[PDB]
Amino acid sequence: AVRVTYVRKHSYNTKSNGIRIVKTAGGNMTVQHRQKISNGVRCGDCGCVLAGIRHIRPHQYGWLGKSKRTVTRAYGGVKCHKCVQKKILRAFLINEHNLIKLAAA
Amino acid sequence: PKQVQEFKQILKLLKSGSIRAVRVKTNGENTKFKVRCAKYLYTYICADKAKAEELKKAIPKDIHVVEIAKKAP
Amino acid sequence: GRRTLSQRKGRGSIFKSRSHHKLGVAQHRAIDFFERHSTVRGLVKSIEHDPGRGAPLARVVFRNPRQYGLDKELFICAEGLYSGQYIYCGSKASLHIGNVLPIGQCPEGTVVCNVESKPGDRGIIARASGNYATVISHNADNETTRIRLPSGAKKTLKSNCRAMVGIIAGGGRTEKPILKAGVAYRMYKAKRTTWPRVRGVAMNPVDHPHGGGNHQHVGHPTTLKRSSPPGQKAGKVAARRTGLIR
Amino acid sequence: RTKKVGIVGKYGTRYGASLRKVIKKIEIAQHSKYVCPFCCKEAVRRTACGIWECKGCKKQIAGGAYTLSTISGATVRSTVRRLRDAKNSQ
Amino acid sequence: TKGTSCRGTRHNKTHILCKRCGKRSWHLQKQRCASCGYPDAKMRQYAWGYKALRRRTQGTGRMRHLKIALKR
Amino acid sequence: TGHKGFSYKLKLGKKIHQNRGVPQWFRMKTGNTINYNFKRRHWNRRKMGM
RNA sequence: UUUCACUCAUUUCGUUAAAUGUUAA
RNA sequence: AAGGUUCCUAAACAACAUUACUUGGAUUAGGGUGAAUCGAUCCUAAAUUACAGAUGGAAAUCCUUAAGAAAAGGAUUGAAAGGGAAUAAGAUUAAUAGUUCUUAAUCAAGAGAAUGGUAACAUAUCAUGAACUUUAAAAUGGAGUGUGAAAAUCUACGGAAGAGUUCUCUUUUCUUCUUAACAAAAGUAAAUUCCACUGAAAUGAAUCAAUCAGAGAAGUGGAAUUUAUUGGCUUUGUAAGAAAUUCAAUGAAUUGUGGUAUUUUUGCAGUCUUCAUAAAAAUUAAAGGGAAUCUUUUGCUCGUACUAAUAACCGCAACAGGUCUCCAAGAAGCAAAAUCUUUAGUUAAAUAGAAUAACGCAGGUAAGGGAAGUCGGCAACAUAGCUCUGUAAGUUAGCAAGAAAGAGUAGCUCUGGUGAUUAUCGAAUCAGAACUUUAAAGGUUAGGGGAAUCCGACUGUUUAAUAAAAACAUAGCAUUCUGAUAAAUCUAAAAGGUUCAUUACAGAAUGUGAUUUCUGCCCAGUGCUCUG
RNA sequence: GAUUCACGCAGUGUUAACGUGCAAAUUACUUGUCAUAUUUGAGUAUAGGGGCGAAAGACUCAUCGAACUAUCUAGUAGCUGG
């Protein structure tokens, strides 16, 4: 069993000081600095995690392809497909009701 | 390092002017044509000697070609 | 002698409120024209737990009536409100639970909470969990109404003070018996440093006026005048009665 | 499993019989499920003191500290309803 | 354990060097110098500290520009 | 410490520089009484309080 | 001689000092 | 963190390290610390400090966005453990190395008005998108259970190379058989959430547990995300040319495939718990809206040596005291326990030799008796693991309880039970039977038991350095005042300050001390109060 | 805010060692405890008739029934020594 050491000058097991021990040539084990776990986007109404958008750090979406950070739909990337269907029905049905309620009832 | 998959991608790669150095490695089974470009080190694994020779014909004459074998340079 | 712990509390060094994870200030929106001559519609986005208080807080979202954008408020939840509900505030609001109305448009016998003692001051009375105030009478002569405070006291207010219809949520909070000293320790997570209270008689003569001698006792009456100086004001102040009631 | 100490058997024998009997009523009602006033499913569980969430129905309701609706908060909803009707008509 | 044992945890500085007097009297948490009275504009001098006055005052240093003026 | 400020390191370097002795030639001057530097210290003998 | 009525110093508050008051419409 | 040259080398030993020293953390003299990617620098947290204003005899205090012709909106500082653009492998030095060298990358700042799918959603930049507004990320407790994956250990098959044992055997025992950042996409997983078809009752589906369904289950076919970089695992480029193990005198050889085993790490899934609900900003992306019409250059400042402790730190010292973390093998066992070993480190860490007196300090044993010693079973002895049977009074009905008490346990040779795939393969676990012996937990580790009385209800805290308790706290009970311009209360004062981001289920001030039961009579005196 | 063992911690007993000590409070065995009223690092807040205290007049740099430091100060002594 090969025992390793911290490479950087951090000495405490904080969230940002996560390490992974991998093997290298000759039976030597080195230290890799592993990333933190992020959260994905959430629907602004129901707070459910959206599909089609990866769970990566906020600055990493700048490196993402322009089509890999949003879904091709009205309110894509901010609202679930169910969050949007009810939006359309609300917009249409209420406007229809306001046409028979007022405007020569 | 990137790996090209078929011949026509590396024929096109050589006839462009962006090549910087070519290293040929001969192994127990295959031959790798690691063309060094400005950004990446593209390589092609060929399994036929005749196809390997054709690649050496297409290599330009102003570019340096390094042959590597069971002994490191 | 020394300074008693009651004196040290007024300095506010380790007795400051532990208000770091608190949500904000729970109050009505500022009074304007649309709250005085019309109604505004608010949407209850969420109901949340505010540390250090027993009642939940509602994140209500009104549209900005004068500019383009939103206006995010933080109300005290009336018992019954749910997410996605619509609430209306203004002089013309309906008498439904959760709606904010001037105290003069509410009928006699109605129940309101988060009442304003002075118009536009965004809520003073009846804010704790389960508490409420009842409207007693109106006086159109000078536009004043009477309400009964949760302590049984009767108070007269201007008829245009706002109030939320209903009962503050979280009722019955104090009916569950605390059982462990640890549970009482956790009660003051978002409050002041006051919990483990040493009896004065167990102290020494320097520290407290009760600090006794060879037997733990007070030695002098524990009912004091209101005009006692700080430091010796310990026990019962201006007490008109004592003992057990029958 | 137990004769007459239902849920407060976790407290063992160290808080007084009466204090364990009193807390038993609250602790049963605090963890119990309630009928959701919108979707009518017994799927409402307490999140915090005074906050109740309908699990398979996507709603949050403000209620009592340990019960979804208190007695005091139940007669108020009817009392306001009666006054609202009287105010509208005459 | 008020004697030898409690001294082991002493590894946190209270004072560091001051910019105006050069002494290790700058209190890190009070943000003032115990010796020369930093950011306070006037130098910290007291009548009960007569030895402190004869340690740092006029004439205890180089007097780079006053030595010519008074000689003049 | 390993990490130090820029100015603090230079005041550490000067303390190293001043921990030297009298050069031999200076000791051969006529009427010389300076033989040893009495402002000398060692890391394990006296801490320099800085 | 307290007893009142107004505000004009004064007290206590609120906002982005964001429709107060009177007519008209 | 602290120390500050203690690091390395050479010369040299006067002093120092309770003998000595050729040794040294000691003397003398040189050498040594290399960053676009690690940190500080950047952001804000608890908190902190300025101009103008307010206060004060004064020094100075207050205020931190409220008072201001100040700052689209609120100033300064505050973290080398919180957030954050981007670097890895091999080699190299007497000493520096995610910093140098080789090779291979990454990031920032630049310079040169679209399709497809029913749908979930998908397309090497693509495929325009201003003001303004919103949403999300950064960014959020703990417990316990199940499980995916990697590494380590163990093990199965198949070999290659080297070493050990070998008069007694051993087809034997041991060592090596490796691979980075960043990217690719042959093959192929687990879990969750959605989409389409259809409509469940004779109710089904499913987990270790649960849990779910006509605001729609199961079935079939799909989409998406997570799984320590692209896309989790194998594989691939990197990349065998490196490195490891051998052989020869620079040059040659090999570098398969598995596991229904254990541990660690890392995620995931739902469950439980709270009168506790478990940070913010810098910064980024998307949406609503419709204003307008591959190559190359640069990447600045500062820290970087060494110890991190039975000798580099704090205790006067090379002081048995104290001081925050990361990586972590075999045996054995329930066990990260005691005990022994492997890789690594060290054999010196305030001097030895001889003799083997008394009195000592530390560890022991003992005939017969068995607390008769003593203030007192102080000290020591004694019980001790696991399995089966059995277990009282009392009781807040939960416990007492490992009550008390009794039996078994070793070695060797066997037998049966508990699964997976269609006979083979694997898991340590349980039960049983003969035979033998020194009759078996006890090398180490490892509860003495019972009957009562007093106090405190309990878990907890306490006189650092003679008192750990019956003392304090505690939940429970109760009393008092207060409508918030208040009550308590800090300040010399103050558009001053605390509880108060508060509002009677609250704030403030006290006594008693769980539960059960009960709190008797007295208002004359002293307090306090009154609507007199 | 169940019973225990372990890494740690404390300090019940020996009223053992030591007591011009390893140490101006330590050592050995024994005992208690060993995660939610827990343990702990750094930052930050509270200052002398003040603070802080689950309360011992405890703690506030080996200093506490009023810290340390300098000045008034060569304080005063019907008392003691020369």
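For each chain, numbering restarts from 1 and follows the sequence as written, which can differ from how the entry numbers it; residues lacking coordinates are not listed. Chain letters and ligand numbers both follow the written order, the letters beginning at A and the numbers at 1. The structure shown is incomplete relative to its larger assembly, and all values pertain to the part shown. Hydrogens and water are ignored here; the side-chain numbers use all heavy atoms of the structure. Residues with missing side-chain atoms are left out of burial classes, side-chain pairs and their counts.

As deposited, the entry is annotated with cryo-EM as its determination method and 3 Å as its resolution.

As annotated in the PDB entry, chain D is 60S ribosomal protein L37a, putative from Entamoeba histolytica HM-1:IMSS. The title field of the PDB entry reads "Cryo- EM structure of large subunit (LSU) of 75S ribosome with A/P- & P/E- tRNAs from Entamoeba histolytica". Under the UniProt heading Sequence similarities (unreviewed entry), the note attached to chain D is "Belongs to the eukaryotic ribosomal protein eL43 family." UniProt positions are given in the numbering used here, feature names are shortened, and annotations may be inferred rather than shown by experiment.

Going by the annotation in the PDB entry, the name recorded for chain C is Large ribosomal subunit protein uL2, with Entamoeba histolytica HM-1:IMSS given as the source organism. The annotation that UniProt attaches to chain C under Subcellular location is "Cytoplasm". Heading Sequence similarities of the UniProt record for chain C holds this comment: "Belongs to the universal ribosomal protein uL2 family."

K.L.:
Outline a nonpolar patch on the surface, supporting the account with residue identities and numerical values.
P.N.:
Residues and elements named next belong to chain A. Put simply, a patch holds well-exposed residues, over 30% relative accessible area, that have no salt bridge, with like charges counted together within 9 Å and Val, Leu, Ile, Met, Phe, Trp or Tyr side chains within 5 Å. Areas reported as accessible are Shrake-Rupley estimates using a 1.4 Å probe. Residue values count occlusion only from the protein chains shown. A carboxyl oxygen of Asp or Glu within 4 Å of a side-chain nitrogen of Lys or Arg is what we treat as a salt bridge. There is a patch of nonpolar side chains on the surface, built from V2, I21 and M29 and spanning about 230 Å² of accessible area. Along the chain, the position of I21 falls in strand β1 (residues 19-23). Accessible area is worked out with a 1.4 Å probe on protein chains only. A residue is then buried under 20% of its type maximum, exposed over 50%, and partly exposed in between. Since its relative accessible area comes to 43%, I21 is described here as partly exposed. In DSSP terms, a helix is any run of H or I states spanning at least four residues, a strand is any run of E spanning at least two, and both are numbered starting from the N terminus.

K.L.:
Quick one: what's the story with the pattern of salt bridges, residue by residue and with numbers?
P.N.:
Side chains that differ in charge, positive against negative, can pair when their charged atoms come close. Summed over the entire model, instances satisfying the criterion amount to 13 salt bridges over all chains. As a salt-bridge pair, A:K79 and A:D45 come within 3.5 Å of each other at their nearest N and O atoms. A residue pair is termed long-range when its members are at least 10 positions apart, and A:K79 in the loop between β2 (29-33) and α1 (81-101) and A:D45 in the loop between β2 and α1 qualify at 34 residues. Assessed through its relative accessible area of 45%, A:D45 is described here as partly exposed. Notably, a salt bridge pairs E:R32 with E:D40, separated by 2.3 Å at the nearest N-O pair.

K.L.:
Describe the layout of surface pockets, with residues and values.
P.N.:
Points on a 1 Å grid over protein atoms alone make up a cavity when a 1.4 Å probe fits among them but cannot get out, and a pocket when they form an open set with protein on both sides within 12 Å along at least five of seven lines; lining residues each have an atom within 4 Å of a point. Grid points are joined across faces, edges and corners, and a volume is the space filled by probe spheres set on the points. When its volume is computed, the second largest pocket comes out at roughly 1,000 Å³. If you go around the second largest pocket, you meet 31 residues; those closest to its centre are C:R173, C:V183, C:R186, C:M187 and D:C49. Under the scheme applied, nonpolar residues are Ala, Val, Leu, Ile, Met, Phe, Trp, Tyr, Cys and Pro; charged residues are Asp, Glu, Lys and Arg; polar residues are all the others, including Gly. Residue classes in the lining of the second largest pocket are distributed as 13 nonpolar, six polar and twelve charged.

K.L.:
If you had to explain the interface of chain C and chain D to someone new, which residues and values would you point to?
P.N.:
Working rule for contacts: check all heavy atoms of both residues, and any pair within 4.5 Å makes them a contact. Each partner contributes to the interface: chain C provides 35 residues, whereas chain D provides 31 residues. Summed over both partners, the interface of chain C with chain D buries about 2,700 Å², with 66% contributed by carbon and sulfur atoms. Linking chain C with chain D are zero salt bridges. Residue composition of the side of chain C that touches chain D, by class: 15 nonpolar, 13 polar and seven charged. In this description, buried area is defined as the sum, over both parts, of the accessible area (probe of 1.4 Å) that is lost when the two are combined.

K.L.:
Give a detailed account of the nonpolar core, specifying residues and quantitative values.
P.N.:
We call a set of buried residues a nonpolar core when its members are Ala, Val, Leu, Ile, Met, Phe, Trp, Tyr or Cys and they connect through side-chain atoms within 4.5 Å of each other. By size, the foremost hydrophobic cluster in this structure holds 48 residues, and its most contacted members are C:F75, C:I103, C:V115 and C:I147. Here C:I103 is in contact with C:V112, C:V115, C:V135, C:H138, C:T145, C:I147, C:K158, C:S159, C:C161, C:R162 and C:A163, once residues within four sequence places are set aside. In this structure, B:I10, B:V22, B:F33 and B:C37 belong to the second largest nonpolar core, which totals 17 residues.

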